[PDB]
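J.: take this sequence and fold it.
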Amino acid sequence: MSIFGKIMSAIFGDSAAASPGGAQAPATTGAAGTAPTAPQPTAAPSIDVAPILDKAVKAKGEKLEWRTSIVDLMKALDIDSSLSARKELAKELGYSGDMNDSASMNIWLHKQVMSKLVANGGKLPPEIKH
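T.: Residues are numbered from 1 along each chain as shown. The structure is reproduced below:
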């Protein structure tokens, strides 16, 4: 499969009314009816991936660094990260497994995946750029 297209189905799939700064705090009701009700939809031509992955990472359970590590953001959306997963994602991008080992694998893969990911309207924090 194509994991860059598998992870984006969650990143570009925010419909829980969370978004960057959209989550509100619940309040008690009853006599509380005093409040305006004019819900104008919040459009988003830009998909801020930062308040998506930063939260998804700690939702996964362990603290990761999606900012640099490609395997971290992958596992965060809950991908196998095992042999089959690392094989499909890499081979869809071109695959490089000669002497580079996992060392250059984290680097190169992180670059290519982002080019297929944030190109769909994804907005990244100012330090995530190739």
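J.: for residue 98, grab phi and psi.
T.: phi -100, psi -90 (degrees, to the nearest 10).
J.: quickly note the distance from it to residue 108.
T.: 12 Å (C-beta to C-beta, to the nearest Å). (Each C-beta comes from the backbone N, C-alpha and C, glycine too.)
J.: the two: which is more packed in?
T.: residue 108 (17 against 7; other C-beta atoms under 10 Å).
J.: could you measure from the nearest residue to that one once chain neighbours are set aside over to residue 113?
T.: Spatial nearest neighbour of residue 108, excluding adjacent residues (C-beta to C-beta, 6 or more residues apart in numbering): residue 96 at 5.8 Å. Distance, residue 96 to residue 113, using C-beta to C-beta: 13 Å.
J.: contacting residues around the longest helix belonging to the chain?
T.: For the chain, the longest helix by residue count, based on DSSP state H, is helix 101-117. Helix 101-117 is contacted from outside by 3-5, 7-8, 11, 49, 68-71, 89-90, 93-94, 96-97, 100, 124, 128, 130, using C-beta atoms under 8 Å, 6 or more residues apart in numbering.
J.: which other helices and strands does the helix or strand that it is followed by contact?
T.: Sequence order places strand 122-123 as the next helix or strand after helix 101-117, per DSSP states H and E. Applying 3 or more C-beta pairs under 8 Å, 6 or more residues apart in numbering; DSSP states H and E, we find strand 122-123 packed against strand 47-48.
J.: now the strand it packs on, how far from the centre of its chain.
T.: In terms of C-alpha atoms, centre = their mean, to the nearest Å, the centre of strand 47-48 is found 9 Å from the chain centre.
J.: buried sites along the helix or strand following it?
T.: Next helix or strand after strand 47-48 toward the C-terminus (DSSP H and E): helix 50-60. Residues 50-53, 56-57 are the ones in helix 50-60 that count as buried (16 or more other C-beta atoms under 10 Å).
J.: out of those residues, who's nearest residue 39?
T.: Closest to residue 39 out of the buried residues of helix 50-60 is residue 51 (21.0 Å), distances taken as C-beta to C-beta.
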